[PDB]
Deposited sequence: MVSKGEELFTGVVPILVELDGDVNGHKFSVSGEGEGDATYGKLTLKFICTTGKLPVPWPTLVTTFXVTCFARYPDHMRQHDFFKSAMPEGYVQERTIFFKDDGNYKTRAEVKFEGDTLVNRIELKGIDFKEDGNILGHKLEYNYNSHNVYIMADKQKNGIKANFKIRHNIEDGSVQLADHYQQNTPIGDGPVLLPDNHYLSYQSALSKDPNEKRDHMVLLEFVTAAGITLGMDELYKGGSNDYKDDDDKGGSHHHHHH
């Protein structure tokens, strides 16, 4: 049988992303739009900084900017927490510790508003070096592939994960961003709590040659595996 959650993702779904951020008192907002195709694990999104110049590097926000679009192959259907929580949705929280620098704390609600899948985020960053790799914009505009290990969090009726993102620094070195994550359903309904598994990610960042606002174009693929 097909679940309500699964059914909401059988075709291409429009996405809206909204973020209000404050990093060391540098306040900013970002809007994003695009589409997700969960059958292929495929996200196509464009983000705009609506407040002017983004005060942090775009790559540092990629993980923050909708895992309900992951491709869960048929044999893993009973392990797809993210879709099972829909349409009421889930809260996705992270702390992201930038090694030798500050940290982001993010809280997002991911849910449907009509036919649009919305990721609404608040981000708070503190303890950054005003001249470091983040506030000093020393990170390359690119992105590495990663596997993320997902575990059930039974107590919380959700999932958790921790994983390392390594951002390439302009001098050939790497800026580690250690991610700690917890997701919990918004509604009171049942969800699917998964066996341990992983998600394989690839992300490509580009620019729209006709766009004059500070922005990022993201093509991201995410597939579940045992």
{"item": "Missing stretches, numbered from 1 on the deposited chain sequence and kept in order", "value": "66, 228-258"}
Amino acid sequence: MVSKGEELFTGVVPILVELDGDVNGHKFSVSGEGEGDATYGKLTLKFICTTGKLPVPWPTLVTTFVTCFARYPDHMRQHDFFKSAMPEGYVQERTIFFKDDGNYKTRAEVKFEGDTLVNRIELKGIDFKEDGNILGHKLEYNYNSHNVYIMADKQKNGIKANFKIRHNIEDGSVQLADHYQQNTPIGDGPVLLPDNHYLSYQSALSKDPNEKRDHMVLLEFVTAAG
From here on, numbers count along this sequence of modelled residues.
property: Higher-B stretch (mean Cα B-factor, as the entry records it), 13-21 or 207-215; result: 207-215
property: Mean Cα B-factor comparison, 31-39 or 156-164, giving the higher one as deposited; result: 156-164
property: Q92, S145, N119, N103, ranked by C-alpha B-factor: the highest one; result: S145
property: Entry-reported Cα temperature factor of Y198, expressed as the chain third it lands in; result: highest
property: Ranked C-alpha temperature factor of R71 among modelled chain residues, by third; result: middle
property: Entry-reported Cα temperature factor of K83, expressed as the chain third it lands in; result: middle
property: Third of chain Cα B-factors occupied by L135; result: middle
property: Record-listed C-alpha B factor of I126: chain third; result: middle
